[PDB]
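[1] coordinates only, sequence not included:
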């Protein structure tokens, strides 16, 4: 499918489930297309194909169902927040004001004001 | 219709419904034109054709009706807000101050201050 | 009328009503000229012709009448505000701080602080 | 009058009234000169001629009289404020922070916090 | 007088009164020189001649007298403030944040919060 | 494995444990790939291979388990916060506002206001 | 005196009084040198000669005496503040945020909040 | 060792202690490598070798032990804070806002508000 | 003395007193060197010679003595503050936000809020 | 010593005391090297030699001793703060916002609000 076709589902259905799950977990678009649909990027307009598959009625319904079926503890739980802030702290590409603010917020969260 | 004609409706009516629904859901203009009306972009002035079809009395009336007929729980419900903030968190193109602020707001929302 | 003439009304009167209505609804100038008066842009100074037709006594009086005759619920009602903020959220051209602030305000409005 | 002459009034008096009225309504200078005095711009220094006619004793006195004679409801009344903010909202050239702030203020004004 | 001479007064005295009055009303320097003393600009250093005539004892004394003799209602009265803010609002060269702030302050002044 | 293959685990399993541990400790991606998988960077798209191995079901499950199994005292304890702020203070590449803020926060934490 | 000589006073004494008075009134240096000492600028280093004459013991003592002898009503009295803010308002070179702030402060001062 | 080898310890053990101590005192990485391991920089990727030696299990364990064994008075004691702020004050490369803020904080700390 | 020699005092002692006094009054370095030691700048590194003479034990002791011997009314007394703010107001090179803030502070100081 | 050698002390010991004293007083590094060790800069990497001599155990111990032996009145006493702020005020290279803030803080300190 190198064209821009919304309705071609029920033939490639297992691939659409991987895309829906990876998207509902929260990772961005664009790349997930590279992951699941290979290097079909730059076929025509890549954004066109991406948002064309982003508009399937099958997509929309299954995405809404899976999104509403996930409890709000597999998306944001305290330990993941600590890990994300720590990732931002230890990355030497985040500029320095952002690292300072991340240290501030890790300080505020875990009552670590010298105690 | 490669011209800029407001009133040519009642001949292409199913296409106007897809456009109205996709727009009322909230996605931007410009691209939705690429989606539903193919690659007729850059025919003349693309913005001219877009806002010419954006000014149909048929458009305006049906858009207002469908917009007022949608309950305020298919546009913004808490779980969609969590998913959008998480999308902004896990995207490595959002600069770093925005990611920090998104983490802050996800922190504030779900009472996740170490509890 | 490729010149800059204020008083030439009562001959083209139906076109002036479309312009007045589209302007009173709130959309910007410049383009509405492209819409209703074709591609007569860049005839001389486009801004000159635009603000020359923007200064007709007939214009001013009818614009004031139609503007004062519109109830303040066809301009800003809550559901339109929700739709505009959602448009700004789902547009991937709005930079990232603006998207974060739009999410914040949609959060504040519809009491959606985890409830 | 392609020179820079303050006192040449009482010969061109109807043109000076249109200029005074358009200026007292609040629109900017520079262009109003293009409107009422044709394309005599760039004759010498355009700003020189503009502020030379801006310094006539006849001008000053009539401008002060007409400015003090206008009630403060033909300049700023609530419905005009709503229309101006809406113009700023629907213009796709206003950057995105300004549009967000305009939405905020339209929100604050018309008690539209979900009610 | 194409030189830089402070004391040459009592010969050109009517011109010095126009300059003093235009300056005491509040308009900037530089141009007022163009207005009253023609196009003698760029003779030598224009700023040199301007601030040389700005330092006459005759100037200083008459300027102080006329400045202290003007009541504080020909400089700033409410209606002039409304007109200046409206000028800043309707000028399409003022950037967009300044226009928003001007609308805010016009809102604050004339108790126009939906009332 | 110079391709982009998610499921090739159970053959290289000890390498996946080092990656999981180094990532769960908080250091960034990209480099950890250089560390554990040599200089296989720029094989194709490096980000593609990185986030392809970042999407293994085996990865996800083991990463979640190890992340939830680590007590919140091997990630952020007070002495590590002091050391990180001190690192930011003594690094002559952090610009000067960030160093000032780091000194401020080290001041605030350890009650060192002249006492 | 095209050199840089501090002590050459008591020969040119009337010129030093004009300089002291113009400086004590508050106008900047550099130009006052152009005014009183002609176009001797760029002789060597202009700043060198300026601050060399700025360091005379005769200068310092007379400057201190004249500065302490001036009452604090020939430097800042309310009407001069109004005139300076008005100058900043009516100058079309002051950018637009500064003009807005000047209007704000003129508003705050003269109790002109619609009264 | 011009390669990138984690486990080569117990042969060069005294050098690893100097590195651990200098790092635990708080000075940055990169240079400490230049200090203790000579000019082996730019062998391959310098950051690669640096963070490869930064990931030794021997390193990690000894670094954690020495870091937890240092009392919080050899890292930040009041007199060191005064010295660091004074260093930032007397350095003519710190820009001017940072110097002003450093003076402010030195003012706040040592109760030096004219007393 | 075109070299960089700290101890050469007791031969040139009157020059060192002028430097100490001019520095203790508060004017910057660099230029004072031009003033008292002629045009010996750019001999080698000018900053090197300047801070070499800035490090004499004789210098340090006499500078400390003279600095501690000056009462805190020859450095900052109210009338000097008024004069400095007025200098900043009347200088047309200070940008416009700084001039506005200077007017604000002169307003705040001398109780000149319309009284 | 044109190499990078930490331990070569007890031969050049008087030079190390001057360096320690000048550093403990608070002046920056880099230049102090130029002062005490001549023009040996750019021998290899200047920063390398500087921080190599900055890491001597003899250095560290004597620096700590001398730093802890200095009373907190030879580093920051009120009169030095007044002198530093005055230096920043009278330097015409400090930009204008910094000068304004320095005037503000000198105002705040010495109770000089018109009294």
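    Good, I have the coordinates. Residues are numbered from 1 along each chain as shown, chains lettered A, B, ... in the order given.

[2] so what's residue A:90 up against?
    F:26-28 (Cβ atoms under 8 Å, 6 or more residues apart in numbering or on different chains). All C-beta spots, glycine's among them, are computed from the backbone N, C-alpha and C.

[3] for it, give its distance to residue B:35.
    42 Å (Cβ to Cβ, to the nearest Å).

[4] with residue A:86 instead?
    For residue A:86, the distance to residue B:35 - Cβ to Cβ - is 41 Å.

[5] for stretch A:60-80, the distance to its chain's centre please.
    The chain centroid and the centroid of stretch A:60-80 are separated by 12 Å under Cα atoms, centre = their mean, to the nearest Å.

[6] for that stretch, buried residues please.
    A:62-63, A:67, A:75-76, A:78-80 (16 or more other Cβ atoms under 10 Å in any protein chain shown).

[7] distance to chain J added to the contacts of residue A:90, as a markdown table?
    Below are the contacts of residue A:90 laid out as a markdown table (distance: Cβ to the nearest Cβ, whole Å):
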| residue | distance to chain J |
| --- | --- |
| F:26 | 28 |
| F:27 | 25 |
| F:28 | 26 |
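
[8] which one among those residues gets closest to chain E?
    residue F:28 (36.7 Å; Cβ to the nearest Cβ).

[9] give me the three-state assignment for the spatially most central residue of chain A.
    Centroid check for chain A by Cα atoms, centre = their mean gives residue A:27 as the closest residue, at 1.1 Å. Here residue A:27 is recorded as coil under DSSP: H, G, I helix; E, B strand; the rest coil.

[10] measure residue A:112 to chain H for me?
    13 Å (Cβ to the nearest Cβ, to the nearest Å).

[11] and what of residue A:42?
    30 Å.

[12] then residue A:5?
    Distance from residue A:5 to chain H, by Cβ to the nearest Cβ: 45 Å.

[13] same question for residue A:58.
    In terms of Cβ to the nearest Cβ, residue A:58 sits 45 Å off from chain H.

[14] quick check: that residue touching residue A:11?
    No. Taking contacts as Cβ atoms under 8 Å, residue A:58 lies outside contact range of residue A:11: 11.5 Å.

[15] between the two, who's got more neighbours?
    residue A:58 (15 against 8; other Cβ atoms under 10 Å in any protein chain shown).

[16] find the nearest non-adjacent residue to the more buried one, please.
    Leaving aside its sequence neighbours, residue A:58 sits nearest to residue A:9 (Cβ to Cβ, 6 or more residues apart in numbering or on different chains; 4.7 Å).

[17] number of nearby residues for that neighbour?
    16.

[18] all helices in chain A, in order from the N-terminus.
    Here chain A has its helices, by DSSP state H, at A:14-25, A:31-36, A:46-53, A:57-68, A:78-90, A:96-109.

[19] which one among the contacts of residue A:90 gets closest to chain B?
    Of the contacts of residue A:90, the one sitting nearest to chain B (Cβ to the nearest Cβ) turns out to be residue F:28, at 10.3 Å.

[20] OK, contacts around the residue in chain A positioned nearest to chain D?
    The nearest approach of chain A to chain D comes at residue A:47, 18.9 Å away (Cβ to the nearest Cβ). Going by Cβ under 8 Å, 6+ apart, residue A:47 touches residue B:31.

[21] look up how far residue B:30 lies from it.
    In terms of Cβ to Cβ, residue A:47 sits 11 Å off from residue B:30.

[22] now residue A:99
    Taking Cβ to Cβ, one finds residue A:99 at 37 Å from residue B:30.

[23] of those two, who's got more company?
    A side-by-side neighbour count of residue A:99 and residue B:30, using other Cβ under 10 Å, places residue A:99 first with 22 against 14.

[24] just give the nearest non-adjacent residue to the more buried one, would you?
    residue A:89 (5.9 Å).

[25] ok, now residue A:88?
    Nearest one to residue A:88, counting by Cβ to Cβ, 6+ apart, is residue A:102 at 4.7 Å.

[26] isn't residue A:87 up against residue F:25?
    No. Residue A:87 is beyond contact range of residue F:25, at 10.0 Å (criterion: Cβ under 8 Å).

[27] the closest residue to chain I within chain A: how many residues sit nearby?
    Taking Cβ to the nearest Cβ, chain I has its nearest neighbour within chain A at residue A:97, 23.2 Å off. Residue A:97 has 16 neighbours, counted by other Cβ under 10 Å.

[28] and chain A, what are its domains?
    A:14-68, A:78-109 (automatic domain parsing).

[29] format these as a markdown table; extra columns: distance to residue B:42.
    Below are the domains of chain A laid out as a markdown table (distance: least, Cβ to Cβ, whole Å):
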| stretch | distance to residue B:42 |
| --- | --- |
| domain A:14-68 | 12 |
| domain A:78-109 | 38 |
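
[30] hey, which of these is tucked in deepest?
    domain A:78-109 (a mean of 19; mean count of other Cβ atoms under 10 Å in any protein chain shown).

[31] that one: how far from the chain's middle?
    Distance, centroid of domain A:78-109 to centroid of chain: 20 Å (Cα atoms, centre = their mean).

[32] quick check: end-to-end length of stretch A:41-51?
    Start to finish, the residues bounding stretch A:41-51 are 13 Å apart (Cα to Cα, to the nearest Å).

[33] equivalent analysis for stretch A:106-115, please.
    Start-to-end, stretch A:106-115 (Cα to Cα) is 13 Å.

[34] pull the distance from it to the chain's centre.
    The answer for stretch A:106-115 is 30 Å, by Cα atoms, centre = their mean.

[35] near chain B, which residues of chain A?
    A:4, A:24, A:26-28, A:45, A:47-48, A:51-52, A:55, A:67-68, A:70, A:72, A:75-78, A:81, A:84-85, A:88, A:94-95, A:97-98, A:101-102, A:105, A:109-111 (Cβ under 8 Å from any Cβ of the partner chain).

[36] which residues touch residue A:32?
    Residue A:32 neighbours (Cβ under 8 Å, 6+ apart): A:19, A:22-23.

[37] now those residues as a markdown table including distance to residue J:39?
    Formatted as a markdown table, the contacts of residue A:32 follow (distance: Cβ to Cβ, whole Å):
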| residue | distance to residue J:39 |
| --- | --- |
| A:19 | 66 |
| A:22 | 62 |
| A:23 | 63 |
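
[38] out of the residues you listed, which is nearest to chain G?
    residue A:23 (42.9 Å).

[39] chain neighbours aside, what residue packs nearest to the closest one?
    residue A:32 (6.2 Å).

[40] who in chain A is up against chain F?
    Residues of chain A lying near chain F (Cβ under 8 Å from any Cβ): A:22, A:27, A:31, A:34-35, A:79-80, A:82-83, A:86-87, A:89-93, A:96-97, A:99-100, A:103-104, A:106-107, A:110, A:112-115.

[41] pretty sure the residue nearest to residue A:99 is touching residue F:84, no?
    Yes. Between residue A:89 and residue F:84 there is a contact under Cβ under 8 Å: 6.8 Å.

[42] now do the shared contacts for these two.
    residue A:103.
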